[PDB]
Amino acid sequence: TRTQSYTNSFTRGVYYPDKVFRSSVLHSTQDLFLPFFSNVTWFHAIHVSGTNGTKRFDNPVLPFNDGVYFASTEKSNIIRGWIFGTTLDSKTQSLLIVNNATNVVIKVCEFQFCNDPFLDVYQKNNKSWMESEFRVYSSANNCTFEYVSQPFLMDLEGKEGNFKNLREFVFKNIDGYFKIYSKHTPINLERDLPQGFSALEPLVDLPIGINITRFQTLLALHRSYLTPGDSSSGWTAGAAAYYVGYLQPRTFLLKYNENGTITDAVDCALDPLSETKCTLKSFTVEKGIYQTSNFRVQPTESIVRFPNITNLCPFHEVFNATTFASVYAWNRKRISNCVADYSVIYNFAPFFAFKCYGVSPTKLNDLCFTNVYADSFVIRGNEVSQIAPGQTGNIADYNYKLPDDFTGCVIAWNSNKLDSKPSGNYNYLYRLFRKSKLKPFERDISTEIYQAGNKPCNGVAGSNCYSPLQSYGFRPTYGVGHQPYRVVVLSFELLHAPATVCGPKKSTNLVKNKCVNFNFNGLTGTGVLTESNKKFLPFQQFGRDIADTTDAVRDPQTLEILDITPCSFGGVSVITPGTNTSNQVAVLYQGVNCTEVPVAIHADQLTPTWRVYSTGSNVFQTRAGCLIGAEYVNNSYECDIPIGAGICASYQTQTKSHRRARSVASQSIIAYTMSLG
Amino acid sequence: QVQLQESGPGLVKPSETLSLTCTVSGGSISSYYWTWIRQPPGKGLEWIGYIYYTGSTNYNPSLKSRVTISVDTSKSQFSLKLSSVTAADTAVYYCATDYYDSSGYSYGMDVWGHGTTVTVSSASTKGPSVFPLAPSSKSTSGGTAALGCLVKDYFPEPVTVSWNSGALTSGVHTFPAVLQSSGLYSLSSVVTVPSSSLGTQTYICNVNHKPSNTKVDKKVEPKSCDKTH
Amino acid sequence: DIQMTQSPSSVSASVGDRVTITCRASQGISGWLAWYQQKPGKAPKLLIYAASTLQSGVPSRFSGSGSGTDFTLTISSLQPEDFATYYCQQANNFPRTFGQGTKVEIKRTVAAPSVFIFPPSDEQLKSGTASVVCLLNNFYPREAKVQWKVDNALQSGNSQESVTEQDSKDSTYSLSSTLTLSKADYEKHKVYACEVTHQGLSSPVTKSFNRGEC
């Protein structure tokens, strides 16, 4: 059995989210198919050599990633589809049996047979039972879950004859994301995929997580005869053939019209033409060069390893404590060696303010802060807004005096039902008579009075002196300003030390020789995380380099000198002549050795290794690196596209182009030298 | 949730060295100032110093040039090397966690240990020869019965005398150690037990000694007053 | 070096009173003090740091106040589980000194102990060093004069007492009176009793335990 390979132009597009958008180009990093890749071309033959002998190309294809299963059927060739995990009756199964008025999905662990045939011939008066024949199964077990979906997830139109359908699958643990559509080609050419753009929308999702490692195709026999030329052959000789693809986690681009339809699709890791469309949110690239990324991408799973801690932070003992204190001796309690869970905080009260100066509350959940302090106090209602960076000293800002560079939140809420009393309201006080402005995070517990110039007041107020710590009077007979408000000012600290307070993120495994996403102890990187031999201090983390780019970070659990080298060469420019002129790009390398590309060593579209090639696309060495994709001529022109080191690029036809002659030249890429005249 | 388990000697000869170990279990050594603190018997608390993770020591002017505190960041441990030990150094050493924040706060001792007495002497380590206290018939005035375990002739101070492997909790009394004329301590563990259970439950009295390593047990039974039936 | 000094060395009161322990110093600490607690023999557990801020798991009965040199600690309700020695820790400079200890006592009503004298065990008689113990359980404050008596003759200081600490639940004490004697000193006599002279026990208890008779 010999199989061929066919390419895809622009098909296999799928909506990533489940919402509608209008004039919004969203960029996401998920799993989707790649055009211009090889697809298997299993040619299915329908023949019979006996009553029990059936010949059909039913091979156990291995879906390391999800694959496209086309539906190029005439009437009823493909009706179902099998999915196995081990083919040994050890994992849950799934069947998409979408037949006439019967769309029952069975997910029972069964070991039926090795080859599954399908016919539409009633065995013995099968009009009373279901239309699905009982020759598919051989036993029965405990039924876990079933589906009684009424709508048919199968497009069948026996009038057109051609079936250019697109179907994809998603093997996620959350849902299945079954996307099925159907189109029709206007030309009766061979069984090839037509060119053009197309998108798929989800129809039915399955919340059952099943480990899928083996895939099998299902075909309907529909022979009913043994000799060619009958009412089922010759006139309807429609032995079909289907293709299978594979997924690779890359970055995709999608556009949404005013109605919500996708027009085009751009993959960053296909050609240097499309690399400029991802780094810059645009589809009409201008003439010149741009700074983009190489063909490398991110893998399926990321690494988010955090320090080994299993203790919960005592945030409950902070917010809903029994009794608070006046703001001259605010209760500041540090939190360390625990796991931060910023979810029980919202379960306390309808907070009037949640101003998080510094770290945004979105990323505040997972950053692995060094230490966390919890300052709790009761301030006046209309004076809560003064507890913030800035806010020049008011009558209450001389007690806390938040600094100008704060990296925490300010949670506050009214407590009139726990603090206000008819008589007992003098327990809460505030400092009013101060000498100088306090320092950030500095308390000034004191009972000495302020001398009023004339005579030194020695513990007695008398004529003009006044005792400090005046009462607030938080009685339940005021408005919304003169009410007690319990404020919890969480302050996060980030110093060079092993982190002790992290978010609720699990710890993954270590994958060295792979370009996985770097998320160690809050640091975000996208380089090669492998073993190195750098020199680090014993208790020092988050190492840096001569530049501000993070070069190495020690693992939080098992100390390890692991450096972060970039997955791309970085200095890989892209010469774009414009999406409205041509589609030729000369790749520029900024001071690098011979082309390696560790990720795409032998990709489909490889610009180097084109020494013996005509009409442009040649390799040359420059002072700023290597020039691949153009030619060199001893002529000179203006600054059309600057390459560097006195060399520039220009998109001209050729040096020999006469409009009155019969010799018409191409429009390849040619590079010239710069002249001063 | 940090804990501190202490470990070290119990009897140190004079003029020698003194070193114990407090293992950190509950977090990494990068926040607290894991150090020690001494407490002589029947007097106040005296400090020792503080050692950070970045090798920073600072002792008291009294015992400055007699202690060298160290920290093992690899196995998460820290020890206190006390040289020139004298009779005045007999104290119950504790491991505590101090921390002062950069802004200016001065959080006190949050996490503590359990205490390891360090006696300075040159005597023996007599652990065995513990005797029980059997009850009688006239010792049941009120309905209960006292059951004691006279720990006699034992030099090491720290004892963890329990009852029935930590089962009995009510009535267990631990008297303070008292020195005899020969230099050996003597104690007892009397538990209030009702007379209705003198012959049903077990009366195992455990005695553990860390330097002696003699964790022997013994059962308490009443004296058989009827020598004929 | 700051020398912390505590004025009240022993605050004896009853359940429901308020104890006010003071702590003065030489150099003025701004606001950083601490109060500890270690009841039986354990390590001093922190209660209020920075002299005003309580710690996770500290009852609301404790409350600190003061500034400069004078600092106080006000226990609102004297729960039975409060008998301990409270300390004060200066936490301003590097050398952190402590106080002198405040043995807070609880004054309950008058109680009557149980003697429960232990007869000479036969196991310790084989070695030759026995000791008859006079026990006292659940009585009033430790003020008690336990006098031994052998053959109608008082001893001459050949005994050792061990006064325990006040209980955490019933707020009572305990006392043992070992009578250490040699083999020859524990065979010429037969009468062995401890005279109990307590405030509650008006009549002196003449409970006697003969040497291996009962």
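Each answer follows from the model by the rule given with it, or from the source it names; no laboratory read-out is quoted. Neighbour counts run over all protein chains shown; Cβ positions are idealised from the backbone, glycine included.
Do we have A:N347 as more than 11 Å from chain B (Cβ to nearest Cβ), over 15 Å from A:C409 (Cα atoms) and in a loop (DSSP other than H, G, I, E, B) here? Yes, satisfied. For A:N331, the conditions (1) touching a strand residue (DSSP E or B) at 6+ places or on another chain (Cβ under 6 Å); (2) closer than 22 Å to C:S65 by Cβ; (3) buried (at least 21 other Cβ atoms within 10 Å of the Cβ); (4) facing another protein chain (nearest Cβ under 9 Å) all hold with the exception of (3). For the stretch B:171-199, the candidate set comprises residues that are of a type in the set (G, A, S) and at the interface with another protein chain (Cβ under 7 Å from one of its Cβ atoms); within that set, the residue that is farthest from B:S137 (Cα to Cα) is B:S186.
Scan the stretch B:78-102 for residues that are among the β-branched types (V, I, T), free of Cβ contacts under 8 Å to residues at least 60 places away in the same chain and outside any strand (DSSP E or B) and the total you get is 1. The set of residues from the stretch B:125-160 being within 17 Å of the chain's Cα centre (by Cα), among the β-branched types (V, I, T) and either surrounded by 22 or more Cβ atoms within 10 Å (Cβ to Cβ) or in the same structural domain as B:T17 (by TED's automatic domain parsing) (or both) comprises just one member, B:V151. Scanning the stretch C:57-90 for residues that are outside any loop (DSSP other than H, G, I, E, B) and of a type in the set (D, E, K, R) yields one hit, C:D70. If you go through the stretch A:447-501 and keep only what is within 14 Å of chain B (Cβ to nearest Cβ), in a loop (DSSP other than H, G, I, E, B) and among the polar types (S, T, N, Q), you end up with just A:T500. Taken together, the criteria place A:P314 among residues that are surrounded by fewer than 16 Cβ atoms within 10 Å (Cβ to Cβ) and in a loop (DSSP other than H, G, I, E, B).
Checking each residue in the stretch B:93-124 for being more than 14 Å from chain A (Cβ to nearest Cβ), among the aliphatic types (A, V, I, L, M) and crowded, with 19+ Cβ neighbours inside 10 Å picks out B:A96, B:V118. Among the residues of the stretch A:293-329, the ones that are among the polar types (S, T, N, Q) and farther than 30 Å from A:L273 by Cα come to 7 in all.
For (1) within 30 Å of A:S420 (Cβ to Cβ); (2) of a type in the set (S, T, Y), each residue gets a yes or a no:
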{"residue": "A:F283", "(1), (2)": "no, no"}
{"residue": "A:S302", "(1), (2)": "no, yes"}
{"residue": "A:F324", "(1), (2)": "yes, no"}
{"residue": "A:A329", "(1), (2)": "yes, no"}
{"residue": "A:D341", "(1), (2)": "no, no"}
{"residue": "A:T362", "(1), (2)": "no, yes"}
{"residue": "A:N365", "(1), (2)": "no, no"}
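Where strands (runs of 3 or more DSSP E) fall entirely within the stretch B:1-43, those with at least 3 residues that are within 19 Å of B:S84 (Cα to Cα) and either of a type in the set (A, V, I, L, M, F, W, C) or away from chain A (no Cβ under 14 Å) (or both) are at B:33-38. Restricted to strands (runs of 3 or more DSSP E) entirely inside the stretch C:2-52, no element has at least 1 residues that are at positive phi, within 8 Å of another protein chain (Cβ to nearest Cβ) and touching a residue at least 24 places away in the same chain (Cβ under 8 Å). Any idea which residue in the stretch A:638-655 is nearest to A:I575 (Cα to Cα), counting only those that are surrounded by fewer than 16 Cβ atoms within 10 Å (Cβ to Cβ) and either hydroxyl-bearing (S, T, Y) or touching a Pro at 6+ places or on another chain (Cβ under 9 Å) (or both)? Ranking the candidates gives A:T653 first.
Residues in the stretch A:543-593 that are in the same structural domain as A:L627 (by TED's automatic domain parsing), under 21 Å from A:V266 (Cβ atoms), of a type outside the set (G, A, S) and assigned to a loop (DSSP other than H, G, I, E, B): A:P577, A:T579, A:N580, A:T581, A:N583, A:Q584, A:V585.
Let's see how each residue does on (1) in contact with a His (Cβ under 8 Å, 6 or more places away or on another chain); (2) more than 14 Å from chain B (Cβ to nearest Cβ); (3) of a type in the set (V, I, T):
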position	(1), (2), (3)
A:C515	no, yes, no
A:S532	no, yes, no
A:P538	no, no, no
A:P566	no, yes, no
A:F569	no, yes, no
A:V572	no, yes, yes
A:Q590	no, yes, no
A:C594	no, yes, no
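When the criteria are applied in full, A:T310 fails the requirement of being free of Cβ contacts under 8 Å to residues at least 40 places away in the same chain, of a type in the set (S, T, Y) and over 30 Å from A:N337 (Cβ atoms). A:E110 meets the conditions (1) in contact (Cβ under 8 Å) with a residue 40 or more places away in the chain; (2) surrounded by 13 or more Cβ atoms within 10 Å (Cβ to Cβ); (3) acidic (D, E) in every case but one. The failed one is (1). Per the listing C:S202, C:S162, C:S121, the residue uniquely surrounded by fewer than 16 Cβ atoms within 10 Å (Cβ to Cβ) and hydroxyl-bearing (S, T, Y) is C:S202. Pairs linking a residue in the stretch B:125-150 that is closer than 18 Å to B:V161 by Cβ and within 7 Å of chain C (Cβ to nearest Cβ) to a residue that is among the hydroxyl-bearing types (S, T, Y) and part of a loop (DSSP other than H, G, I, E, B), with Cβ atoms under 6 Å and 6 or more positions apart or on different chains, are B:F131/C:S121; B:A134/C:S121; B:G148/B:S188; B:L150/B:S188. Summed over the stretch A:513-525, residues that are closer than 22 Å to A:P498 by Cα and in a loop (DSSP other than H, G, I, E, B) total 7. Only one entry of A:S385, A:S360 meets the criterion of being among the hydroxyl-bearing types (S, T, Y), free of Cβ contacts under 8 Å to residues at least 12 places away in the same chain, away from chain B (no Cβ under 14 Å) and out of contact with any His (no Cβ under 6 Å at 6 or more places or on another chain), and that entry is A:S360. Checking each residue in the stretch A:382-419 for being assigned to a strand (DSSP E or B) and not β-branched (V, I, T) picks out A:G408, A:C409, A:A412, A:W413, A:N414.
Counting only strands (runs of 3 or more DSSP E) that sit completely within the stretch B:161-229, those holding 2 or more residues that are surrounded by fewer than 15 Cβ atoms within 10 Å (Cβ to Cβ) correspond to B:217-219.
Residues being among the acidic types (D, E), within 9 Å of chain B (Cβ to nearest Cβ) and more than 23 Å from B:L45 (Cα to Cα) are entirely absent from the stretch C:130-148. The condition of being touching a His at 6+ places or on another chain (Cβ under 9 Å) and β-branched (V, I, T) holds for only one of C:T129, C:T164, that being C:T164. Checking each residue in the stretch B:2-60 for being without any contact (Cβ under 8 Å) to a residue 12 or more places away in the chain and crowded, with 17+ Cβ neighbours inside 10 Å picks out B:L45, B:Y59.
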